[PDB]
Amino acid sequence: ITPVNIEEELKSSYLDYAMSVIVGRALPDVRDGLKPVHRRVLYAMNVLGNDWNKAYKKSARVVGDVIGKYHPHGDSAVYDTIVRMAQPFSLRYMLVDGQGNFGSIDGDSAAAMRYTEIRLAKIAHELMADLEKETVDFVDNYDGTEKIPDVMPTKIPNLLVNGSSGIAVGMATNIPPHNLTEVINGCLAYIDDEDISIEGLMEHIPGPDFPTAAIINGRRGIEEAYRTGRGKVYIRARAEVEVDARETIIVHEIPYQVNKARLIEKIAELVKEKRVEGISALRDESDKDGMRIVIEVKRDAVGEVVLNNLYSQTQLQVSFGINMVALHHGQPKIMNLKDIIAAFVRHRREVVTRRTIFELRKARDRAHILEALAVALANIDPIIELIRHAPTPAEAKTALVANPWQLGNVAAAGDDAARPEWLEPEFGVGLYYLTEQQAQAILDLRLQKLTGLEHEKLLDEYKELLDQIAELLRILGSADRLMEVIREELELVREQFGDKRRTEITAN
Amino acid sequence: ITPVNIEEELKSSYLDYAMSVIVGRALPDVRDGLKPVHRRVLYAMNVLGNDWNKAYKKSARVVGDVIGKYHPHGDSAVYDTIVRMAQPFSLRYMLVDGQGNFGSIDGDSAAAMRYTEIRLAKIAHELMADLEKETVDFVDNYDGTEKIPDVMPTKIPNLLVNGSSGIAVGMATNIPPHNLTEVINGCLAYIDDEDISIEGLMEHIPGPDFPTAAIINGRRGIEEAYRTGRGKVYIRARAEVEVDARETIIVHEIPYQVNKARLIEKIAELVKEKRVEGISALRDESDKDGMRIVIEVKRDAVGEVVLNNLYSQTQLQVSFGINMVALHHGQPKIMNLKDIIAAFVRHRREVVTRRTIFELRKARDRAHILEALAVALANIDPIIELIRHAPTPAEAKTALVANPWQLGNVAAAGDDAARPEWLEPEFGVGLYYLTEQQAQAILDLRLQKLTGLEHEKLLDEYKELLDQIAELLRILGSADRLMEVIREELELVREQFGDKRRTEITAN
Amino acid sequence: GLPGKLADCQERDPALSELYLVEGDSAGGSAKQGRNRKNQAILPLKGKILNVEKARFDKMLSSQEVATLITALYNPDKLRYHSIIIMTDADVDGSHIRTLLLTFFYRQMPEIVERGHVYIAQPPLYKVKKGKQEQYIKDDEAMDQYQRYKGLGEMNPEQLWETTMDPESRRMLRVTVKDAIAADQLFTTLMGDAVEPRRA
Amino acid sequence: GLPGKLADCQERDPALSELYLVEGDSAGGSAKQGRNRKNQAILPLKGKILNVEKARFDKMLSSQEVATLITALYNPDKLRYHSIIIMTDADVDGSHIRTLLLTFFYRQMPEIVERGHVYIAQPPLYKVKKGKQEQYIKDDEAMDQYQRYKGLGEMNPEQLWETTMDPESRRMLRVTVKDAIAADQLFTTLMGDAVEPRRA
DNA sequence: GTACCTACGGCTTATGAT
DNA sequence: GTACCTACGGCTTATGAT
DNA sequence: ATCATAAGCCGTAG
DNA sequence: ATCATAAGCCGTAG
Ligand SMILES: O=c1ccc2ncc(=O)n3c2n1C[C@H]3CN1CCC(NCc2cc3c(cn2)OCCC3)CC1
């Protein structure tokens, strides 16, 4: 059985590959800025029950669990991703606090996956706040036997804080980091006024920020980058000339993502080839007090010309291709700053609304059960005889259902909304009726509930639930309250995890 | 600070190594015949909750869990051990039922640890029957934060059924497999009479058994092996001459642990070197109907002389060095058959006694609680008033403790032994008193327990517990009942997992 | 080359044997253990293969085991293995490596593609079991009208013989050379690759 | 040999530098990242090393990087690295590889052992933390009188500098050659090995 | 995605030497 | 116990050629 | 005196 | 005509 097939088949096959790399492998999202790998790893660490204030765990458990349940793509990629998240000098705000040999700036690879230990950091739980309260949708795993969140209920605009760098089939992306307090101030300014221009945002957000500080030369670069979506920016190391009371060059900090050993060896090679002039030797003194490279100026040289020649030919000055590309509703779109901020705020509104609805419904059901429990606690004796005479628990339940109740005067809320929706109008018309759910709730009491110290507790809980459901209905009422709440939460987040600028933008 | 040290230090260091290889790495035990690796793997698979009648699981989860919690010695060794346990042609009774590419007799290595699936087999739960009932001691893990069983509560004499092959620093061990029903018959014969000789056991147990059948030549070998502890035995392949209505050699099954491809290539080499005569070609026809190698006899040859020349020079006949060494109480000892059987029976007696004591104590405590619950269910009304008047639950408990009770005539066992040991004689002298434990047990009732359908249930449970504790005290009473129970359990095990001989021992 | 990986069959007359190509160790094991031992052959590979257009250099050669085993390369002269088949997993990387192998064959030896010797296999996609009811599903549409195997190195070898390499039940697929077009030109130019994925 | 693994120091005058020997990638990383960069040196190894007595063959040589880096081998002529130290983990394999290296030094170059150049290190064994109370424990007896590190490639490099390679706080250990005895003969003869472990 | 090097003892085969 | 080979795009440096 | 061509590196994946 | 010596392989471990 060999049916004839055209060669055009090729296209189809290849096309499929493209559609699986752009969507689910490389390009991050605009709503939370997380590749699917990071998402699944964080979700697994949370489900395993490994918070920040507990003891560490070996990498083997986490890696094996992630490979087993959620991410079926081998092991080396996952462990490399974890090691990348755990490094301090490669993310502005690290997420996975670890213990072991995670490499360093020297380019040394990390240790094996049977020595290190990992756990979440305090900022990690802010990404995953209120995950269980039905805020986002769930998607099936590879075989359709588990659930995975689609997008995280974030509180931090992660896409602007950490950025990413991925390469798809037809597209490619690259975004620099930033600072947290500045982005929060920008978001607050945008919440204050909806039709803000780019001038105000560029005034609140000066420019990028890097894990290891440096100096930035041009403003035209970042301006054209934020306004359109593409641009270049220069990164310049920090150094200075110095003479004791001959000349000497001291280097404190290098640009972003540059091997130190390769730099030293390349400079040694340049000196050996005579392509550059005025360098005698080269020494390193890096210690626990900051990085420090020393270069001895050849006698009878200004040195600053040597410095400019280095800046021209050395890795000490390197370019960076800002290019913003991400997914908006499942399609790549070049997006500027304003669009990212608007998307973040919309996501936040949606999450808050859904969480509020959920908590409202839960408190509603709880109060509904406790009403009938209080009514049953009112009349204690006739229920005792009705149960003692009824042989069958089912018949006792039915007898409790059938008759009305006296509703003692010590028992006898809002006009409405203290009762669920799917409850028909023929329950709770003092006259009162019950329901099978309420019936078994009554049948599931204890004898501790019959003292003079639980009646007041039930009354207290009932009043508290009334107040809470009233407040929730109000916060669902008008948009102004919602915006105030988002403002307060963002201000709290700002005050908790703030810090100071590291780099320094000097105008040309 | 550099204190002078002698060179003798060396010895000490090296000596330590020895003491950690003989005890905990290679040599198996006499009581269950399991290296520590197998023990920890089985315990992890049981704790993870992966029985035989459930869905499979990926190897990554199990391997990662074992490396994380119990066995800190890398990954390759553990996965190789699992693959070895999962092969059919390398164990007489496999333990880990798997799905995937576990290699074959061709010498091909198994697949990666991210494709296969594993679970326990039905015989595995017979090794670990009644593990939670406090039958064996627990030892701390590498850091002292978990627990591991020391020896398994076995029901099968595993050391004789599967055997092992390990190499220590100064010692070395090697044991052949056997058949199950024969070993069970031998154990029953030894239970019948304590002072049996080796003749009877050798009559009940003919000889070894292999996963792939073969032919064994000598009896002197296995006789000297079972009697003393050392010996050699020959293994001969199965083949025959055949002529249609020229000559041809057909081979059905090869000896134990022989690569087929290496054998074919070595025979091709021998034919090419002219060292052997009478072989023209060599073909393979192995299919799903058994292994089948065909060799074409060169014309004008008896062939049987060729067959004997092969048996002389080919791997088709191979020797085997039976040498029994194992640990008895933490020290290697060369042990014969009778000693192994005696040790197994002693272990079984100990396990049964401890399990019986545990179940007795548990049923005792249960009946003790239910007595007071029944007495409280007798008098229902005064307890209701005593609780309604008492405001504090603590004060209500104390008031329940302070006064005696009426012990209604519908309420009012053995002469004694229906009450725990640590209960003082001042409780339960109809007169009756309570205890704080009983008090809170009463305070933790429900309203379902007050119908006409739970009173009979409580009476039934009480009578049943009385009968059970009487039976357990009897089985602890005299040794004859214990021996009868062990006999019955061994007979049941025999009847469940029996099978038939594979090899065939021909006298010289 | 000839030793090491390739495990040829007993038959030597061409125009009657077969050859397969799969991922190396995960699959080749079960492939060898479940195949037939008369007129079957297996050549495992390693990972991926470099494009022929994106980097063409007659000195650029790393594996070349295919060009050593199939013929001597000048394809008309030696013509061994008159039928070759490509098996690969059903995931996306399967389709990717499939595209790479097909463009290799099309841009190195056009004749062996023209005369109809290359074949594509069709592994199943789902196994449905309702008690006794067993069912093999090969595509998405069948599953829609009605366990998921994410690699050939996951099923039992006997199942592999029953479902993929049985001369009575296998469902192969043949390739042709209909026209001389420039899709393989828009393959790697960074402009077509940027415009072609416009599937709205 | 000289490139690849060995990362020497800035000082070149002998009789002032130091050298270490550890397991390769798990440890050497932290060792380099936490050492001093003036008069320190590191030579990672790979796995285990073949015995010198059990298989002695002047042609049998696989790594030989030690014999290439330390001197030219005829040890009196070149005498570089007048002080060498052996670090290894506290588990049993540590003691095993320690015994192997010591028998190598004793049976290849007796003089470098006699003049007192070989040193043994003493890594800590436990870290006790009761709130603010920190405590380093090095042996079993101290732990008895009062986290467990099962590899040097597990602690932070700064802790390594504080506890193992600080010229003010490290507690080394020196070796001597007291007598000429035959313990290294009962090392590998299969008879002494069978009788010597009689520790009841 | 995949190949090499080591330790521990008890068995064989293979090879040139009194 | 440890090293090499591949794909995807956008940047640099390095080199011999109109 | 200017330009077409060929190499490394960044991150999830075989 | 007989013998001391040197090599592969099996399974948990660096
Ligand atoms: O394939 C090769 C070929 C050559 C080679 N040389 C050196 C080397 O180190 N390696 C070489 N290799 C490859 C690699 C060995 N490889 C084996 C598998 C291992 N996997 C680690 C692991 C996997 C899992 C773990 C833990 N650790 O737990 C969860 C389940 C899966 C990584 C190292």
# chains A, B, ... in the order shown; residues from 1 in each chain; ligands from 1
>>> residues_near_ligand(ligand="ligand 1", cutoff="8 Å", atoms="only C-alpha atoms (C1' of nucleotides) and all ligand atoms", output="PyMOL selection string")
(chain A and resi 60-61+63-65+67+74-76+113-114) or (chain B and resi 59-61+63-64+67+74-76+113-114) or (chain E and resi 1-4) or (chain F and resi 1-4)
>>> residues_around(residues="residue 192 (chain D)", least_positions_apart="4", cutoff="12 Å", atoms="only C-alpha atoms (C1' of nucleotides)", output="list in words")
residues 169, 170 and 171 of chain B; 182, 183, 184, 185, 186, 187, 188, 196, 197 and 198 of chain D
>>> write_last_selection(atoms="N, CA, C and O atoms", output="mmCIF file, in the first residue's frame")
data_model
loop_
_atom_site.group_PDB
_atom_site.id
_atom_site.type_symbol
_atom_site.label_atom_id
_atom_site.label_comp_id
_atom_site.auth_asym_id
_atom_site.auth_seq_id
_atom_site.Cartn_x
_atom_site.Cartn_y
_atom_site.Cartn_z
ATOM 1 N N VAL B 169 36.954 -5.965 48.699
ATOM 2 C CA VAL B 169 38.395 -5.731 48.718
ATOM 3 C C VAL B 169 39.150 -7.042 48.895
ATOM 4 O O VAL B 169 40.093 -7.339 48.153
ATOM 5 N N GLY B 170 38.754 -7.845 49.878
ATOM 6 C CA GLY B 170 39.465 -9.076 50.164
ATOM 7 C C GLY B 170 38.686 -10.337 49.856
ATOM 8 O O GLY B 170 39.261 -11.426 49.805
ATOM 9 N N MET B 171 37.381 -10.207 49.654
ATOM 10 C CA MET B 171 36.503 -11.346 49.437
ATOM 11 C C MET B 171 35.855 -11.262 48.060
ATOM 12 O O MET B 171 36.022 -10.290 47.321
ATOM 13 N N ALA D 182 57.439 -3.087 54.937
ATOM 14 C CA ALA D 182 56.813 -3.784 53.821
ATOM 15 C C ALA D 182 55.289 -3.756 53.888
ATOM 16 O O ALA D 182 54.631 -4.699 53.445
ATOM 17 N N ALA D 183 54.710 -2.690 54.443
ATOM 18 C CA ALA D 183 53.260 -2.546 54.380
ATOM 19 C C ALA D 183 52.799 -2.364 52.940
ATOM 20 O O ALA D 183 51.815 -2.981 52.511
ATOM 21 N N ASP D 184 53.510 -1.538 52.173
ATOM 22 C CA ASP D 184 53.209 -1.399 50.757
ATOM 23 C C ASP D 184 53.425 -2.691 49.983
ATOM 24 O O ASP D 184 53.015 -2.768 48.823
ATOM 25 N N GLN D 185 54.055 -3.702 50.583
ATOM 26 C CA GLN D 185 54.115 -5.004 49.931
ATOM 27 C C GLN D 185 52.840 -5.801 50.171
ATOM 28 O O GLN D 185 52.306 -6.414 49.241
ATOM 29 N N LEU D 186 52.335 -5.802 51.407
ATOM 30 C CA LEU D 186 51.027 -6.386 51.670
ATOM 31 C C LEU D 186 49.898 -5.562 51.074
ATOM 32 O O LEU D 186 48.739 -5.975 51.164
ATOM 33 N N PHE D 187 50.214 -4.403 50.495
ATOM 34 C CA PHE D 187 49.226 -3.615 49.767
ATOM 35 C C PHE D 187 48.496 -4.455 48.723
ATOM 36 O O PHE D 187 47.265 -4.553 48.739
ATOM 37 N N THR D 188 49.243 -5.072 47.799
ATOM 38 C CA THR D 188 48.647 -5.812 46.676
ATOM 39 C C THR D 188 49.351 -7.160 46.469
ATOM 40 O O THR D 188 50.284 -7.282 45.670
ATOM 41 N N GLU D 196 44.819 -9.338 56.301
ATOM 42 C CA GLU D 196 44.957 -8.110 57.080
ATOM 43 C C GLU D 196 43.629 -7.587 57.617
ATOM 44 O O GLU D 196 43.585 -7.218 58.804
ATOM 45 N N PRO D 197 42.531 -7.526 56.844
ATOM 46 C CA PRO D 197 41.256 -7.111 57.443
ATOM 47 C C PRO D 197 40.709 -8.147 58.411
ATOM 48 O O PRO D 197 39.698 -8.799 58.135
ATOM 49 N N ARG D 198 41.380 -8.307 59.547
ATOM 50 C CA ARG D 198 40.919 -9.143 60.647
ATOM 51 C C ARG D 198 40.633 -8.272 61.865
ATOM 52 O O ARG D 198 41.040 -8.568 62.989
#
>>> closest_atom_pairs(of="chain D", to="chain A", cutoff="10 Å", atoms="only C-alpha atoms", output="tab-separated table")
residue	atom	partner	partner_atom	distance
D:10	CA	A:283	CA	8.7
D:25	CA	A:111	CA	6.7
D:26	CA	A:111	CA	5.1
D:27	CA	A:111	CA	8.0
D:28	CA	A:111	CA	9.5
D:29	CA	A:108	CA	6.6
D:30	CA	A:101	CA	6.1
D:31	CA	A:101	CA	9.9
D:32	CA	A:108	CA	9.4
D:33	CA	A:104	CA	7.6
D:34	CA	A:287	CA	9.0
D:35	CA	A:287	CA	9.6
D:36	CA	A:287	CA	8.2
D:37	CA	A:285	CA	7.4
D:38	CA	A:285	CA	8.7
D:149	CA	A:115	CA	9.8
D:150	CA	A:115	CA	8.7
D:151	CA	A:115	CA	8.0
D:152	CA	A:115	CA	9.6
D:153	CA	A:101	CA	6.8
D:154	CA	A:100	CA	5.0
D:155	CA	A:100	CA	5.6
D:156	CA	A:100	CA	5.8
D:157	CA	A:101	CA	7.8
D:158	CA	A:288	CA	8.7
>>> write_last_selection(atoms="C-alpha atoms", output="PDB file, in the first residue's frame")
ATOM      1  CA  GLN D  10      52.255  35.184  39.432  1.00  0.00           C
ATOM      2  CA  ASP D  25      35.264  20.000  37.803  1.00  0.00           C
ATOM      3  CA  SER D  26      33.154  19.774  40.958  1.00  0.00           C
ATOM      4  CA  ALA D  27      35.988  21.179  43.073  1.00  0.00           C
ATOM      5  CA  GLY D  28      38.445  23.012  40.813  1.00  0.00           C
ATOM      6  CA  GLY D  29      35.873  25.681  40.024  1.00  0.00           C
ATOM      7  CA  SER D  30      35.386  26.808  43.608  1.00  0.00           C
ATOM      8  CA  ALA D  31      39.099  26.258  44.241  1.00  0.00           C
ATOM      9  CA  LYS D  32      40.056  28.729  41.510  1.00  0.00           C
ATOM     10  CA  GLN D  33      37.293  31.171  42.429  1.00  0.00           C
ATOM     11  CA  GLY D  34      38.248  31.267  46.111  1.00  0.00           C
ATOM     12  CA  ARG D  35      42.025  30.917  46.159  1.00  0.00           C
ATOM     13  CA  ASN D  36      44.635  33.648  46.268  1.00  0.00           C
ATOM     14  CA  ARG D  37      46.079  34.904  42.985  1.00  0.00           C
ATOM     15  CA  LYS D  38      49.685  35.483  44.063  1.00  0.00           C
ATOM     16  CA  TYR D 149      29.585  18.530  53.627  1.00  0.00           C
ATOM     17  CA  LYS D 150      30.113  15.495  51.382  1.00  0.00           C
ATOM     18  CA  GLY D 151      32.427  17.218  48.915  1.00  0.00           C
ATOM     19  CA  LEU D 152      34.594  20.304  48.549  1.00  0.00           C
ATOM     20  CA  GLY D 153      32.526  21.245  45.503  1.00  0.00           C
ATOM     21  CA  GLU D 154      29.529  22.044  47.692  1.00  0.00           C
ATOM     22  CA  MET D 155      30.457  24.999  49.934  1.00  0.00           C
ATOM     23  CA  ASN D 156      30.816  28.634  48.955  1.00  0.00           C
ATOM     24  CA  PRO D 157      34.312  29.663  47.795  1.00  0.00           C
ATOM     25  CA  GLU D 158      34.608  32.286  50.537  1.00  0.00           C
TER      26      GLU D 158
END
>>> residues_around(residues="region 351-356 of chain A", least_positions_apart="6", cutoff="9 Å", atoms="only C-alpha atoms (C1' of nucleotides)", output="ChimeraX atom specification")
/A:130,133-136,153-154,472-473,475-476,482,486
>>> residues_around(residues="residue 5 (chain G)", least_positions_apart="3", cutoff="12 Å", atoms="only C-alpha atoms (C1' of nucleotides)", output="list in words")
residues 14, 15, 16 and 17 of chain F
>>> select_by_dssp(residues="region 111-298 of chain B", states="helix (DSSP H, G or I)", output="compact mmCIF listing (two decimals) with N, CA, C and O atoms, in the first residue's frame")
# COMPACT_ATOMS: atom_id res chain seq x y z
N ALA B 124 6.89 -8.33 43.87
CA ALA B 124 7.61 -7.34 44.66
C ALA B 124 6.92 -7.07 45.98
O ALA B 124 7.59 -6.94 47.02
N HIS B 125 5.59 -6.98 45.98
CA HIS B 125 4.87 -6.72 47.22
C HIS B 125 4.96 -7.87 48.21
O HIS B 125 4.62 -7.67 49.39
N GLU B 126 5.39 -9.05 47.78
CA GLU B 126 5.63 -10.13 48.72
C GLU B 126 6.95 -9.97 49.48
O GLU B 126 7.09 -10.53 50.57
N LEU B 127 7.90 -9.22 48.92
CA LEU B 127 9.11 -8.90 49.67
C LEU B 127 8.81 -7.92 50.80
O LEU B 127 9.43 -7.99 51.86
N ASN B 158 15.13 -15.05 49.15
CA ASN B 158 15.62 -14.44 47.93
C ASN B 158 17.06 -14.83 47.63
O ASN B 158 17.44 -14.96 46.46
N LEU B 159 17.88 -15.04 48.66
CA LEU B 159 19.30 -15.30 48.43
C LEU B 159 19.51 -16.56 47.60
O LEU B 159 20.43 -16.63 46.78
N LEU B 160 18.67 -17.57 47.80
CA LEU B 160 18.78 -18.80 47.02
C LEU B 160 18.06 -18.73 45.69
O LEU B 160 18.37 -19.52 44.79
N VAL B 161 17.10 -17.82 45.53
CA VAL B 161 16.31 -17.79 44.31
C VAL B 161 17.00 -16.99 43.22
O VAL B 161 17.03 -17.40 42.06
N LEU B 180 11.62 -22.10 42.72
CA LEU B 180 10.91 -21.66 43.91
C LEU B 180 10.24 -22.81 44.65
O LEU B 180 10.42 -22.97 45.86
N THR B 181 9.46 -23.63 43.93
CA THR B 181 8.72 -24.70 44.59
C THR B 181 9.65 -25.69 45.28
O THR B 181 9.32 -26.21 46.35
N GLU B 182 10.82 -25.94 44.69
CA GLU B 182 11.76 -26.87 45.30
C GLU B 182 12.31 -26.32 46.61
O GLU B 182 12.40 -27.04 47.61
N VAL B 183 12.66 -25.03 46.63
CA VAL B 183 13.16 -24.43 47.87
C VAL B 183 12.07 -24.41 48.93
O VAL B 183 12.34 -24.62 50.12
N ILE B 184 10.82 -24.16 48.53
CA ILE B 184 9.73 -24.19 49.50
C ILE B 184 9.55 -25.59 50.07
O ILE B 184 9.33 -25.77 51.27
N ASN B 185 9.64 -26.61 49.21
CA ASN B 185 9.54 -27.98 49.70
C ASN B 185 10.67 -28.30 50.68
O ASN B 185 10.45 -28.96 51.70
N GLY B 186 11.88 -27.84 50.37
CA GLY B 186 12.99 -28.04 51.29
C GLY B 186 12.77 -27.36 52.63
O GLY B 186 13.05 -27.94 53.68
N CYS B 187 12.25 -26.13 52.61
CA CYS B 187 11.98 -25.43 53.86
C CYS B 187 10.90 -26.15 54.67
O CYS B 187 11.00 -26.24 55.90
N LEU B 188 9.87 -26.67 54.00
CA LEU B 188 8.84 -27.41 54.71
C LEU B 188 9.41 -28.69 55.32
O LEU B 188 9.06 -29.06 56.45
N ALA B 189 10.31 -29.36 54.59
CA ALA B 189 10.94 -30.55 55.14
C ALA B 189 11.79 -30.21 56.36
O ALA B 189 11.81 -30.96 57.34
N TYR B 190 12.49 -29.07 56.32
CA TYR B 190 13.29 -28.68 57.48
C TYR B 190 12.41 -28.28 58.66
O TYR B 190 12.81 -28.45 59.81
N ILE B 191 11.23 -27.71 58.39
CA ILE B 191 10.33 -27.39 59.49
C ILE B 191 9.75 -28.66 60.10
O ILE B 191 9.54 -28.73 61.32
N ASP B 192 9.51 -29.68 59.28
CA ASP B 192 9.01 -30.94 59.81
C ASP B 192 9.99 -31.56 60.79
O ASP B 192 9.60 -32.05 61.86
N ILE B 198 22.13 -33.57 55.08
CA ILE B 198 22.25 -32.99 53.74
C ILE B 198 21.66 -33.91 52.68
O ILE B 198 21.26 -33.44 51.61
N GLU B 199 21.56 -35.21 52.97
CA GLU B 199 21.01 -36.15 51.99
C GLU B 199 19.57 -35.80 51.65
O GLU B 199 19.19 -35.75 50.48
N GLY B 200 18.74 -35.57 52.67
CA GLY B 200 17.34 -35.26 52.42
C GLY B 200 17.16 -33.97 51.64
O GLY B 200 16.35 -33.89 50.72
N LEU B 201 17.93 -32.94 52.00
CA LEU B 201 17.82 -31.67 51.29
C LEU B 201 18.27 -31.81 49.84
O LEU B 201 17.62 -31.30 48.93
N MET B 202 19.38 -32.52 49.61
CA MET B 202 19.82 -32.75 48.24
C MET B 202 18.83 -33.62 47.47
O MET B 202 18.80 -33.57 46.24
N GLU B 203 18.03 -34.42 48.17
CA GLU B 203 16.97 -35.18 47.51
C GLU B 203 15.80 -34.28 47.13
O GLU B 203 15.21 -34.44 46.06
N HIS B 204 15.45 -33.33 48.01
CA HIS B 204 14.36 -32.41 47.68
C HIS B 204 14.81 -31.35 46.69
O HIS B 204 14.04 -30.97 45.79
N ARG B 220 29.45 -34.23 40.85
CA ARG B 220 30.48 -33.99 41.86
C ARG B 220 30.60 -32.50 42.16
O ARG B 220 30.77 -32.12 43.33
N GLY B 221 30.50 -31.66 41.14
CA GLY B 221 30.59 -30.23 41.32
C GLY B 221 29.57 -29.69 42.30
O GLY B 221 29.93 -29.12 43.33
N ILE B 222 28.28 -29.85 41.98
CA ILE B 222 27.25 -29.28 42.84
C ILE B 222 27.23 -29.97 44.19
O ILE B 222 26.89 -29.34 45.20
N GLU B 223 27.60 -31.25 44.25
CA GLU B 223 27.66 -31.92 45.54
C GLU B 223 28.70 -31.27 46.45
O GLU B 223 28.39 -30.88 47.59
N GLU B 224 29.93 -31.13 45.95
CA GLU B 224 30.97 -30.50 46.75
C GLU B 224 30.65 -29.04 47.02
O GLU B 224 31.11 -28.48 48.02
N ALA B 225 29.87 -28.40 46.15
CA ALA B 225 29.50 -27.01 46.37
C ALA B 225 28.52 -26.88 47.53
O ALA B 225 28.73 -26.07 48.44
N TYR B 226 27.45 -27.67 47.52
CA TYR B 226 26.47 -27.58 48.60
C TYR B 226 27.02 -28.10 49.92
O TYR B 226 26.62 -27.61 50.98
N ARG B 227 27.93 -29.07 49.88
CA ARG B 227 28.39 -29.64 51.14
C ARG B 227 29.39 -28.74 51.85
O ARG B 227 29.33 -28.58 53.07
N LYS B 260 25.73 -13.28 22.05
CA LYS B 260 25.52 -14.08 20.85
C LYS B 260 26.36 -13.56 19.69
O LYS B 260 26.96 -14.36 18.95
N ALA B 261 26.43 -12.24 19.52
CA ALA B 261 27.18 -11.67 18.40
C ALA B 261 28.67 -11.96 18.54
O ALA B 261 29.33 -12.30 17.54
N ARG B 262 29.22 -11.83 19.74
CA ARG B 262 30.62 -12.16 19.95
C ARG B 262 30.89 -13.62 19.64
O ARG B 262 31.92 -13.96 19.05
N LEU B 263 29.96 -14.51 20.01
CA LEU B 263 30.11 -15.93 19.70
C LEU B 263 30.14 -16.17 18.20
O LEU B 263 31.01 -16.90 17.69
N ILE B 264 29.20 -15.56 17.47
CA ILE B 264 29.16 -15.72 16.02
C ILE B 264 30.46 -15.23 15.39
O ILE B 264 31.04 -15.90 14.53
N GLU B 265 30.93 -14.06 15.82
CA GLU B 265 32.14 -13.51 15.22
C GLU B 265 33.36 -14.35 15.55
O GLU B 265 34.24 -14.54 14.70
N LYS B 266 33.43 -14.89 16.77
CA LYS B 266 34.57 -15.72 17.13
C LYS B 266 34.58 -17.02 16.35
O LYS B 266 35.64 -17.51 15.95
N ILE B 267 33.40 -17.60 16.10
CA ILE B 267 33.34 -18.81 15.29
C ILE B 267 33.74 -18.51 13.85
O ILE B 267 34.45 -19.29 13.21
N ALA B 268 33.28 -17.38 13.31
CA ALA B 268 33.71 -16.98 11.98
C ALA B 268 35.23 -16.83 11.93
O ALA B 268 35.87 -17.26 10.96
N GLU B 269 35.82 -16.26 12.97
CA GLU B 269 37.27 -16.10 13.01
C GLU B 269 37.97 -17.45 13.05
O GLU B 269 38.97 -17.66 12.36
N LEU B 270 37.47 -18.37 13.87
CA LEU B 270 38.08 -19.70 13.94
C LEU B 270 38.02 -20.40 12.59
O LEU B 270 39.00 -21.02 12.16
N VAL B 271 36.88 -20.31 11.91
CA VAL B 271 36.77 -20.93 10.59
C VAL B 271 37.75 -20.28 9.62
O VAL B 271 38.39 -20.96 8.81
N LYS B 272 37.88 -18.95 9.69
CA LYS B 272 38.79 -18.25 8.80
C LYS B 272 40.24 -18.63 9.06
O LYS B 272 41.05 -18.67 8.12
N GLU B 273 40.59 -18.91 10.31
CA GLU B 273 41.98 -19.23 10.65
C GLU B 273 42.33 -20.69 10.40
O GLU B 273 43.49 -21.06 10.60
>>> atom_distance(atom1="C1' of residue 14 (chain H)", atom2="CA of residue 4 (chain C)")
28.7 Å
>>> closest_atom_pairs(of="chain D", to="chain H", cutoff="8 Å", atoms="only C-alpha atoms (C1' of nucleotides)", output="CSV")
residue,atom,partner,partner_atom,distance
D:47,CA,H:14,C1',4.8
D:48,CA,H:14,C1',6.0
D:93,CA,H:14,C1',7.5
>>> atom_distance(atom1="CA of residue 12 (chain D)", atom2="CA of residue 43 (chain D)")
16.7 Å
>>> interface_residues(of="chain E", to="chain D", cutoff="12 Å", atoms="only C-alpha atoms (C1' of nucleotides)", output="list in words")
residues 5, 6, 7, 8, 9 and 10 of chain E
>>> interface_residues(of="chain A", to="chain F", cutoff="7 Å", atoms="only C-alpha atoms (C1' of nucleotides)", output="VMD selection string")
chain A and resid 167 to 169 172
>>> write_last_selection(atoms="C-alpha atoms", output="CSV table (one decimal), in the first residue's frame")
chain,number,residue,atom,x,y,z
A,167,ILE,CA,16.1,33.6,18.4
A,168,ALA,CA,13.1,32.1,16.5
A,169,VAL,CA,13.0,30.9,12.9
A,172,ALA,CA,14.7,37.7,16.9
